[PDB]
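> Just passing along the structure, written as structure tokens.
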Amino acid sequence: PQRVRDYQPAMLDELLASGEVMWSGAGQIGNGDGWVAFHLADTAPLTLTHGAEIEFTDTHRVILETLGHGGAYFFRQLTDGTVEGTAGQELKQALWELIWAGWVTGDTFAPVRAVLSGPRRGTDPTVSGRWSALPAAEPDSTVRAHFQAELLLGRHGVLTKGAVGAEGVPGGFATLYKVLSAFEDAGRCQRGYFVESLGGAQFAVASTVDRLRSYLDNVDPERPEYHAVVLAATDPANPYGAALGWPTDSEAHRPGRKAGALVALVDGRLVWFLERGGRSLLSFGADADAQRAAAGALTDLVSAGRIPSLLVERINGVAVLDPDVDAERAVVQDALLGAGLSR
Amino acid sequence: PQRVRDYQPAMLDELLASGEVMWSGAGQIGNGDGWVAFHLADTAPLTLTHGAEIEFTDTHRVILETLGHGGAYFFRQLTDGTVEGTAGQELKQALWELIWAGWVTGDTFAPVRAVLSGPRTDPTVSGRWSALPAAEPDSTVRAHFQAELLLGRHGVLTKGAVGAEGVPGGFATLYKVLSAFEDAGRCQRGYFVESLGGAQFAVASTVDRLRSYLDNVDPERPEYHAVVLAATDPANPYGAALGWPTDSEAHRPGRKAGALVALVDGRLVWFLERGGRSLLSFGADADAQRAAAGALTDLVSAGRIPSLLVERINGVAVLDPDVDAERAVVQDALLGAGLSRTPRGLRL
Amino acid sequence: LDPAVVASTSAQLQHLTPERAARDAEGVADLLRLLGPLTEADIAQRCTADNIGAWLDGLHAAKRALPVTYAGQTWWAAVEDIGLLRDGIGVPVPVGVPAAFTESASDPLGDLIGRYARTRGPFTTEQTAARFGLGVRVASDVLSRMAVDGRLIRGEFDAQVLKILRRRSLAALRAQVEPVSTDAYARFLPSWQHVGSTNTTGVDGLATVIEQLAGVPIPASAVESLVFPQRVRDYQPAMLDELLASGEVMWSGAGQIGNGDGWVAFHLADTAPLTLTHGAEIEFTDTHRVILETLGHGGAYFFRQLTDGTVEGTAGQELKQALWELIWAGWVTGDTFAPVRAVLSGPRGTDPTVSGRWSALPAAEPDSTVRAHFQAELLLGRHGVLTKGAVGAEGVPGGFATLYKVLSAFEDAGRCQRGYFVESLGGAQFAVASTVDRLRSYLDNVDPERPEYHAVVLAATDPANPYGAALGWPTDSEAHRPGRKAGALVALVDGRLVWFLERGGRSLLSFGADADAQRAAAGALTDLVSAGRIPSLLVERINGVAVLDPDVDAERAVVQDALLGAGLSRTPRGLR
């Protein structure tokens, strides 16, 4: 809802149920939430993963037999054993263990809205939509490499040694660079020294670099714009962590790139950081009311209802709020109080 | 959207996919209009009907025999290596003919929302299409469930409503089974509505609710509540239990699809036919037409119905100098409600 | 205990009246469930159509309401009680039963006699032993232990039945119908002011809610947050501001709050100089004098037009502090409700909190008979039955001793009918006639049933909250005593006032500690939080009086468990 700008959860279920995209969960946080990775129907076997190598117990073995031969099935008909009773309730745990593994997917995206709500005639929603086997991901070949390269060049503006490290392609940058240079030799891409760091091998399609050639700070003295944007740390749009390391300033404590960690960043400089909600803050750099724009952004979020918490913000990286207030820390709580009570 | 005060269509597809209801259309009309019959999923085999009979060409058999021993599929996985170019148009036309007979069922209400949108990946066949569970064979259980369901739907089950409703064995078989109910005691067995003049079984509790609405013995000005209804939704007693007023000796209205009966304070004042172009005032009374007109205008302005700019009556359609009294009141009513007059005689 | 009353009441409790009889095949099973097992020869006395011989077989075939042969002759009993009765006395249930609900996890004979007593009138200890096949003294053993619990008490030749028998007998002693319990009035007053009513919607519904809530001062913070949006089902703060802009209601301000949430008080425009309190009579400096000069002499003016020559500066902030206080007196109103929406926002080019046109309120009517007549009729409109109490909180000038005079002219001429309507209140209790018929509902009937537990949450200073105007506060605790205070929540399930939240989550009370009934108020308050109607989430710092994490209080043990049932978590409170 930060990019679409007009999002109703009934807009995703519509796209899902048509058969345009695939759900295809993979990974797990624990106690629900997990790690969902969308797809597209035409090119699903290309941009999918192999598997998870789960234990494959017998109650797992019965499911994959039914879903194996055909298309989508409901919960109540997944097997013959009655869903009534513990033998029925034990199934849903055996299934959601198969989901996060990435073998079966539900096409409605109602389930993974249930497991987010909480642990609290088939009234339960946690297994409601019809579940289906997932198409056998095409084995790595010459075509999967080409398509993945094009996809990466489309997702990132430029493709560096860093972002390939975060994306975790099989074979590392060493193998991908082979096909990247094959492109630029054939055309379809040009390799230049586009951003001064990150080494001297950055690939980009010649259209992007035009846009990127904008946004440069012109050679003039001028008051900065002080723009503000707030992203999840583990959001693709977040550079810090991919092709851009975390700031060397304030590093003895690792901010990291994990779930629920907001990253408020004024136009280019990483200013704040949140962790496991609105609890622990990290002020990497300090500036005069540049913190104010980030505070405005966080407050606009919590007001709009996008992020759940009310941002207590009780701990700083040194945990100095009430005792022995730091002068560099004071600006943080001050710029915050002008925005939000922090309570 | 009339009996669910707030209804956004995305509210329905939330049910269909969850697995609690089954749409199962079971009757075809013209082109781009059908008979859908929402069943519940717990007791679907009971309220379902046997599959219709059709030509059963070979491509139909291809659509089946795959949906048969399986749960459900997308449109593409029905057959293999057939694109929307030439075999698709034959496969699709084979599908929408297989569903109006009632053998397959969408996993959501998205396609039918399109097939009505008129000819203008394709939206016409999107969701998963499932083979449909065979209807429970007629037995004693089917009979009891249908009888109890009918009693739940209509207030006082009559000999009439069983007529318009399609039940095997006619009203003669129900009276045989409802007598078993009256013996056990789950039904009142009282002469509740007089003109029906039969045996209305009803229920113990409903009668207590039905005994209200009884006209008060003293004289009182009427309340004038106008409630427009589609001519064929079960909340329309006429044509099923009450029967139509005998007017227009030759020209007779019915329960046609797309017609509107606008009844105010119980009595029906008007009748629309096939989306405008015919108004069938039945013994009008002044200032009652005002209420029905207000009903129609709030309906069209809320958007639930495509506007009506085409108007006629029995034979006096538009600006007949032979103007009658009964045609007058209709005019004085429609102009007062603000409906436009003489935009054109026709419409292309 | 009038022998006449004790007859009918013991009759209609036993479902013996011609009205209130089973008319159905299932209305018979409801007999067997409400009161104890009884013989079919007896059931025939309850049901209307006496062809029972098939109704009872229908239940047997459907495997419900099985028959048993214990205690001499055989009589039927509900399946749910076949488990209890089995272990109590007689042969056990046949193995044909599903027996899912049969298995007992507690003492049978402690519950088979209880319902048998709660149903009938005053009864002898000799009869129960015959009905249940017991001896003689073995029965008196139970009646003894039953008296210690609070169920069985003496009734002259059944504690809950004695309450009813005393209530009806006395009410029969004088010639008057039995009054509804004060709990029933607490259920009645909200719905008499449209609380949670879906009939009311749109601006034509808000111009109804106002005319009834006219003249009563309520805090600006609660308006359009907890008092209007509860009764005007959909409420968008324009439809109020659009009303104000026309000549329909005159938003007036009375009282004063340090925070800035001034006691606003709405009035219709036809009847303003009646329901308008006079004024405040504060000292008048130069600025206050110059405002009243212009702002009163003509119709109205903008903000900038009040002063002259010097538009703004350090003089702008002082005059904005002069006017915006002159309004909290009641001498000047705003032409819309847009400024006050800003003052609640706080300090957070043009400047709000002086936006709209400003005007001089009309000269309230001098105290006379017309004002008193109108005020009495209005109070009869707002409260259901106005007692000598609620007039106290409304603070009409002259006190109840001045109202009883003119209110007697009404009852004499025949517009209202005094009586004794609510259980425990004054003897005056006036009421219009059409209301009293509605009040005859909400009358908890004599038979025992499972409570409804339908929670509603008000603001403590909301006119719908009866507690503090008509009903007295529960005297549960004397040290920490609550009252009608701004921004306080009163959550009440059936009129019981189960909670009292104060000043956000800062304080919580536990008046009616009931299992399974704290949860209803918890759920309602959580819905208020989720819908955003409450301005802020709840914090829940203290409970009772500052209960700390160790050393759980027994009376308190259930309140926290109920709070856990809803969204609120175990995060340390006010960690700071």
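Residues in the structure tokens are numbered from 1 in each chain, the chains being A, B, ... in the order shown, and ligands are numbered from 1 in the order shown.
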Within 10 Å of chain C, which residues of chain B show up? Give each one with its shortest atom-to-atom distance in Å (one decimal) and the two atoms involved, counting only C-alpha atoms, rows by chain then rising residue number, as CSV.

```
residue,atom,partner,partner_atom,distance
B:181,CA,C:58,CA,9.5
B:182,CA,C:25,CA,9.4
B:183,CA,C:54,CA,6.5
B:184,CA,C:55,CA,5.0
B:185,CA,C:25,CA,4.6
B:186,CA,C:25,CA,5.3
B:187,CA,C:24,CA,7.4
B:188,CA,C:24,CA,7.7
B:203,CA,C:24,CA,8.5
B:204,CA,C:24,CA,5.9
B:205,CA,C:24,CA,8.3
```
> Selection from above, N, CA and C atoms, as an mmCIF file, in the first residue's frame, can you write it?

```cif
data_model
loop_
_atom_site.group_PDB
_atom_site.id
_atom_site.type_symbol
_atom_site.label_atom_id
_atom_site.label_comp_id
_atom_site.auth_asym_id
_atom_site.auth_seq_id
_atom_site.Cartn_x
_atom_site.Cartn_y
_atom_site.Cartn_z
ATOM 1 N N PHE B 181 -45.359 -34.192 9.641
ATOM 2 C CA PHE B 181 -44.890 -33.128 10.519
ATOM 3 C C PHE B 181 -45.967 -32.703 11.499
ATOM 4 N N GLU B 182 -47.154 -32.374 10.994
ATOM 5 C CA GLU B 182 -48.243 -31.953 11.864
ATOM 6 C C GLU B 182 -48.520 -32.983 12.949
ATOM 7 N N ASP B 183 -48.383 -34.270 12.627
ATOM 8 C CA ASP B 183 -48.527 -35.292 13.658
ATOM 9 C C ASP B 183 -47.436 -35.170 14.709
ATOM 10 N N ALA B 184 -46.185 -35.020 14.279
ATOM 11 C CA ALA B 184 -45.099 -34.911 15.243
ATOM 12 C C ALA B 184 -45.156 -33.583 15.981
ATOM 13 N N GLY B 185 -45.666 -32.546 15.333
ATOM 14 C CA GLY B 185 -45.930 -31.300 16.007
ATOM 15 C C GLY B 185 -45.080 -30.121 15.605
ATOM 16 N N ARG B 186 -44.190 -30.271 14.628
ATOM 17 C CA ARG B 186 -43.333 -29.154 14.256
ATOM 18 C C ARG B 186 -44.044 -28.091 13.430
ATOM 19 N N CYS B 187 -45.355 -28.267 13.173
ATOM 20 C CA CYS B 187 -46.155 -27.314 12.338
ATOM 21 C C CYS B 187 -47.539 -27.006 12.942
ATOM 22 N N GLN B 188 -48.043 -25.781 12.727
ATOM 23 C CA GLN B 188 -49.357 -25.305 13.258
ATOM 24 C C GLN B 188 -50.595 -25.978 12.633
ATOM 25 N N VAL B 203 -45.768 -22.508 10.800
ATOM 26 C CA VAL B 203 -44.966 -22.989 11.969
ATOM 27 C C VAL B 203 -45.558 -22.404 13.261
ATOM 28 N N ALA B 204 -45.280 -23.008 14.422
ATOM 29 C CA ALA B 204 -45.847 -22.444 15.639
ATOM 30 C C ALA B 204 -45.441 -20.989 15.826
ATOM 31 N N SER B 205 -44.159 -20.684 15.627
ATOM 32 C CA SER B 205 -43.648 -19.367 15.992
ATOM 33 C C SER B 205 -44.046 -18.295 14.988
#
```
> With a distance threshold of 12 Å and counting only C-alpha atoms, extract the residues of chain B near chain A and express them as a PyMOL selection string.
chain B and resi 8-20+40-43+65-78+106-111+121-131
> Looking at A:336, A:264, A:310, A:164, which one is nearest to chain C, with distances taken over only C-alpha atoms?
A:310
> Taking only C-alpha atoms into account, which residues of chain C are within 12 Å of chain A, as number ranges by chain?
C: 347-348, 530-532, 535-539, 564-567, 571-576
> Can you list, as a PyMOL selection string, every protein, DNA or RNA residue that comes within 8 Å of residue 283 (chain A) when you count only C-alpha atoms, leaving out same-chain residues fewer than 5 positions away?
chain A and resi 271-273+316+332
> Considering only alpha helix (DSSP H) as DSSP defines it on the backbone, what residues of region 184-304 of chain B qualify? List them as an MDAnalysis selection string.
chainID B and resid 184 204:210 288:302
> Please provide as a PDB file with N, CA and C atoms, in the first residue's frame all residues within 12 Å of residue 90 (chain B), with the sequence filter that same-chain residues fewer than 4 positions apart are discarded (counting only C-alpha atoms).

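Saved the output as selection.pdb:
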```pdb
ATOM      1  N   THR B  57     -21.264 -33.489 -27.060  1.00  0.00           N
ATOM      2  CA  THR B  57     -20.208 -33.685 -28.037  1.00  0.00           C
ATOM      3  C   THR B  57     -18.938 -34.189 -27.353  1.00  0.00           C
ATOM      4  N   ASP B  58     -17.880 -34.350 -28.147  1.00  0.00           N
ATOM      5  CA  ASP B  58     -16.658 -34.927 -27.599  1.00  0.00           C
ATOM      6  C   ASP B  58     -15.883 -33.920 -26.758  1.00  0.00           C
ATOM      7  N   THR B  59     -15.848 -32.652 -27.174  1.00  0.00           N
ATOM      8  CA  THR B  59     -15.104 -31.663 -26.400  1.00  0.00           C
ATOM      9  C   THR B  59     -15.705 -31.493 -25.010  1.00  0.00           C
ATOM     10  N   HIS B  60     -17.029 -31.621 -24.899  1.00  0.00           N
ATOM     11  CA  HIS B  60     -17.651 -31.666 -23.581  1.00  0.00           C
ATOM     12  C   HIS B  60     -17.071 -32.800 -22.754  1.00  0.00           C
ATOM     13  N   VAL B  62     -14.260 -34.006 -23.033  1.00  0.00           N
ATOM     14  CA  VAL B  62     -12.903 -33.617 -22.663  1.00  0.00           C
ATOM     15  C   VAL B  62     -12.923 -32.727 -21.432  1.00  0.00           C
ATOM     16  N   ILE B  63     -13.866 -31.787 -21.368  1.00  0.00           N
ATOM     17  CA  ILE B  63     -13.973 -30.954 -20.175  1.00  0.00           C
ATOM     18  C   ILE B  63     -14.234 -31.822 -18.955  1.00  0.00           C
ATOM     19  N   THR B  82      -3.967 -26.165 -26.290  1.00  0.00           N
ATOM     20  CA  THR B  82      -5.010 -25.476 -27.034  1.00  0.00           C
ATOM     21  C   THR B  82      -5.030 -24.016 -26.613  1.00  0.00           C
ATOM     22  N   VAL B  83      -4.856 -23.131 -27.580  1.00  0.00           N
ATOM     23  CA  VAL B  83      -4.755 -21.704 -27.330  1.00  0.00           C
ATOM     24  C   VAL B  83      -6.096 -21.056 -27.622  1.00  0.00           C
ATOM     25  N   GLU B  84      -6.217 -19.792 -27.214  1.00  0.00           N
ATOM     26  CA  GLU B  84      -7.482 -19.081 -27.355  1.00  0.00           C
ATOM     27  C   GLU B  84      -7.776 -18.736 -28.811  1.00  0.00           C
ATOM     28  N   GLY B  85      -6.873 -19.095 -29.726  1.00  0.00           N
ATOM     29  CA  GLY B  85      -7.057 -18.715 -31.117  1.00  0.00           C
ATOM     30  C   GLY B  85      -8.265 -19.367 -31.764  1.00  0.00           C
ATOM     31  N   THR B  86      -8.229 -20.692 -31.929  1.00  0.00           N
ATOM     32  CA  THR B  86      -9.312 -21.409 -32.599  1.00  0.00           C
ATOM     33  C   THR B  86      -9.951 -22.447 -31.686  1.00  0.00           C
ATOM     34  N   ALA B  94     -18.028 -24.494 -25.466  1.00  0.00           N
ATOM     35  CA  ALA B  94     -18.400 -25.779 -24.891  1.00  0.00           C
ATOM     36  C   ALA B  94     -18.558 -25.671 -23.385  1.00  0.00           C
ATOM     37  N   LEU B  95     -17.805 -24.773 -22.754  1.00  0.00           N
ATOM     38  CA  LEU B  95     -17.875 -24.647 -21.303  1.00  0.00           C
ATOM     39  C   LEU B  95     -19.152 -23.949 -20.871  1.00  0.00           C
ATOM     40  N   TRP B  96     -19.337 -22.696 -21.290  1.00  0.00           N
ATOM     41  CA  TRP B  96     -20.502 -21.940 -20.847  1.00  0.00           C
ATOM     42  C   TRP B  96     -21.792 -22.651 -21.204  1.00  0.00           C
ATOM     43  N   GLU B  97     -21.726 -23.632 -22.094  1.00  0.00           N
ATOM     44  CA  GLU B  97     -22.902 -24.448 -22.338  1.00  0.00           C
ATOM     45  C   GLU B  97     -22.971 -25.600 -21.352  1.00  0.00           C
TER      46      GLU B  97
END
```
> Pick out the residues sitting within 8 Å of residue 488 (chain C), and hand them over as JSON, numbers by chain; count only C-alpha atoms, and ignore anything fewer than 4 positions along from it in its own chain.
{"C": [459, 460, 461, 484, 500, 501, 502, 503, 504]}
> Pull N, CA, C and O atoms from the residues just selected and write them as a CSV table (one decimal), in the first residue's frame.

```csv
chain,number,residue,atom,x,y,z
C,459,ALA,N,-20.0,7.5,28.0
C,459,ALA,CA,-19.1,8.4,28.7
C,459,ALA,C,-19.8,8.8,30.0
C,459,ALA,O,-21.0,9.0,30.1
C,460,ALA,N,-19.0,8.9,31.1
C,460,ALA,CA,-19.5,9.0,32.4
C,460,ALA,C,-20.3,10.3,32.6
C,460,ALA,O,-21.1,10.4,33.5
C,461,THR,N,-20.2,11.2,31.7
C,461,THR,CA,-20.9,12.5,31.8
C,461,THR,C,-21.9,12.6,30.7
C,461,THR,O,-22.4,13.7,30.4
C,484,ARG,N,-19.3,11.7,38.2
C,484,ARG,CA,-19.4,12.2,36.8
C,484,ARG,C,-18.3,13.1,36.4
C,484,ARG,O,-18.4,14.3,36.7
C,500,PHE,N,-15.6,0.8,35.6
C,500,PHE,CA,-15.6,2.3,35.5
C,500,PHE,C,-14.1,2.6,35.2
C,500,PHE,O,-13.3,2.6,36.0
C,501,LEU,N,-13.9,2.9,33.9
C,501,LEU,CA,-12.6,3.4,33.4
C,501,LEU,C,-12.5,4.9,33.7
C,501,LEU,O,-13.5,5.6,33.4
C,502,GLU,N,-11.4,5.3,34.1
C,502,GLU,CA,-11.2,6.8,34.4
C,502,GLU,C,-10.0,7.3,33.7
C,502,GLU,O,-8.9,6.8,33.8
C,503,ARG,N,-10.2,8.4,33.0
C,503,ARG,CA,-9.2,9.2,32.4
C,503,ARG,C,-8.2,8.4,31.5
C,503,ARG,O,-7.1,8.2,31.8
C,504,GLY,N,-8.8,7.8,30.5
C,504,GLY,CA,-8.1,6.8,29.7
C,504,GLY,C,-7.9,5.6,30.5
C,504,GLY,O,-8.7,5.2,31.4
```
> Would you compute the distance between CA of residue 494 (chain C) and CA of residue 510 (chain C)? Give it in Å to one decimal.
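Between CA of residue 494 (chain C) and CA of residue 510 (chain C) the gap is 15.2 Å.
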> Measure the distance from CA of residue 342 (chain C) to CA of residue 197 (chain C) in Å and round it to one decimal.
29.2 Å
> Can you work out the spacing between CA of residue 389 (chain C) and CA of residue 370 (chain C) in Å, to one decimal?
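One can read the CA of residue 389 (chain C) to CA of residue 370 (chain C) distance as 23.2 Å.
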> For region 331-340 of chain B, find every residue with an atom within 9 Å (counting only C-alpha atoms), except residues of its own chain fewer than 6 positions away, and show them as a PyMOL selection string.
chain B and resi 286-290+293-294+297+308-309
> Write the residues you've just listed into a file as an mmCIF file, in the first residue's frame, and include C-alpha atoms for each of them.

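File written: selection37.cif
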```cif
data_model
loop_
_atom_site.group_PDB
_atom_site.id
_atom_site.type_symbol
_atom_site.label_atom_id
_atom_site.label_comp_id
_atom_site.auth_asym_id
_atom_site.auth_seq_id
_atom_site.Cartn_x
_atom_site.Cartn_y
_atom_site.Cartn_z
ATOM 1 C CA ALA B 286 -53.901 8.638 -6.255
ATOM 2 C CA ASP B 287 -50.988 9.421 -3.891
ATOM 3 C CA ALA B 288 -50.123 5.719 -3.844
ATOM 4 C CA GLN B 289 -48.438 6.175 -7.213
ATOM 5 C CA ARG B 290 -46.471 8.965 -5.548
ATOM 6 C CA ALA B 293 -42.606 6.620 -8.067
ATOM 7 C CA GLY B 294 -40.435 7.752 -5.171
ATOM 8 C CA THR B 297 -36.516 7.173 -8.424
ATOM 9 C CA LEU B 308 -35.744 4.126 -17.292
ATOM 10 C CA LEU B 309 -36.352 6.789 -19.922
#
```
> Could you pull out the residues in region 172-242 of chain A that DSSP calls strand (DSSP E or B) from the backbone, as an NGL selection string?
:A and (190-192 or 202-204 or 228-232 or 240)
> Would you output that residue set with N, CA and C atoms, as a PDB file, in the first residue's frame?

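Once written, again-v6.pdb looks like this:
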```pdb
ATOM      1  N   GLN A 190      24.482  -2.064 -20.911  1.00  0.00           N
ATOM      2  CA  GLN A 190      25.773  -1.391 -20.969  1.00  0.00           C
ATOM      3  C   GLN A 190      26.376  -1.364 -19.579  1.00  0.00           C
ATOM      4  N   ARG A 191      27.693  -1.509 -19.496  1.00  0.00           N
ATOM      5  CA  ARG A 191      28.385  -1.645 -18.221  1.00  0.00           C
ATOM      6  C   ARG A 191      29.273  -0.433 -17.993  1.00  0.00           C
ATOM      7  N   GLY A 192      28.987   0.317 -16.934  1.00  0.00           N
ATOM      8  CA  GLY A 192      29.696   1.551 -16.683  1.00  0.00           C
ATOM      9  C   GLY A 192      29.942   1.755 -15.204  1.00  0.00           C
ATOM     10  N   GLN A 202      29.308  -2.086 -12.781  1.00  0.00           N
ATOM     11  CA  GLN A 202      27.880  -1.919 -12.556  1.00  0.00           C
ATOM     12  C   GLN A 202      27.173  -2.035 -13.897  1.00  0.00           C
ATOM     13  N   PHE A 203      26.173  -2.904 -13.972  1.00  0.00           N
ATOM     14  CA  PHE A 203      25.458  -3.132 -15.221  1.00  0.00           C
ATOM     15  C   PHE A 203      24.117  -2.428 -15.135  1.00  0.00           C
ATOM     16  N   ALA A 204      23.654  -1.903 -16.262  1.00  0.00           N
ATOM     17  CA  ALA A 204      22.388  -1.197 -16.313  1.00  0.00           C
ATOM     18  C   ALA A 204      21.931  -1.100 -17.753  1.00  0.00           C
ATOM     19  N   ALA A 228      11.322  12.711   3.154  1.00  0.00           N
ATOM     20  CA  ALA A 228      11.261  11.608   4.105  1.00  0.00           C
ATOM     21  C   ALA A 228      10.484  10.452   3.499  1.00  0.00           C
ATOM     22  N   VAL A 229      10.990   9.239   3.685  1.00  0.00           N
ATOM     23  CA  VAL A 229      10.314   8.022   3.257  1.00  0.00           C
ATOM     24  C   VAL A 229      10.681   6.911   4.226  1.00  0.00           C
ATOM     25  N   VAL A 230       9.699   6.102   4.608  1.00  0.00           N
ATOM     26  CA  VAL A 230       9.887   5.047   5.595  1.00  0.00           C
ATOM     27  C   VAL A 230       9.632   3.703   4.935  1.00  0.00           C
ATOM     28  N   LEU A 231      10.583   2.789   5.072  1.00  0.00           N
ATOM     29  CA  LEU A 231      10.511   1.489   4.433  1.00  0.00           C
ATOM     30  C   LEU A 231      10.759   0.406   5.465  1.00  0.00           C
ATOM     31  N   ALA A 232      10.271  -0.794   5.182  1.00  0.00           N
ATOM     32  CA  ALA A 232      10.695  -1.948   5.955  1.00  0.00           C
ATOM     33  C   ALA A 232      12.137  -2.271   5.607  1.00  0.00           C
ATOM     34  N   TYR A 240      20.238  -0.126   1.747  1.00  0.00           N
ATOM     35  CA  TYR A 240      21.166  -0.411   2.831  1.00  0.00           C
ATOM     36  C   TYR A 240      21.090  -1.873   3.232  1.00  0.00           C
TER      37      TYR A 240
END
```
> So which one's closest to residue 248 (chain C), C:162, C:464, C:268, C:224? Using only C-alpha atoms, please.
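Of C:162, C:464, C:268, C:224, the one nearest residue 248 (chain C), counting only C-alpha atoms, is C:268.
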> What's around region 51-63 of chain A at 9 Å? Count only C-alpha atoms, leave out sequence neighbours fewer than 6 positions away in its own chain, and write the answer as a list in words.
residues 26, 27, 78, 79, 91, 94, 95, 97, 98, 100, 101, 102, 103 and 137 of chain A
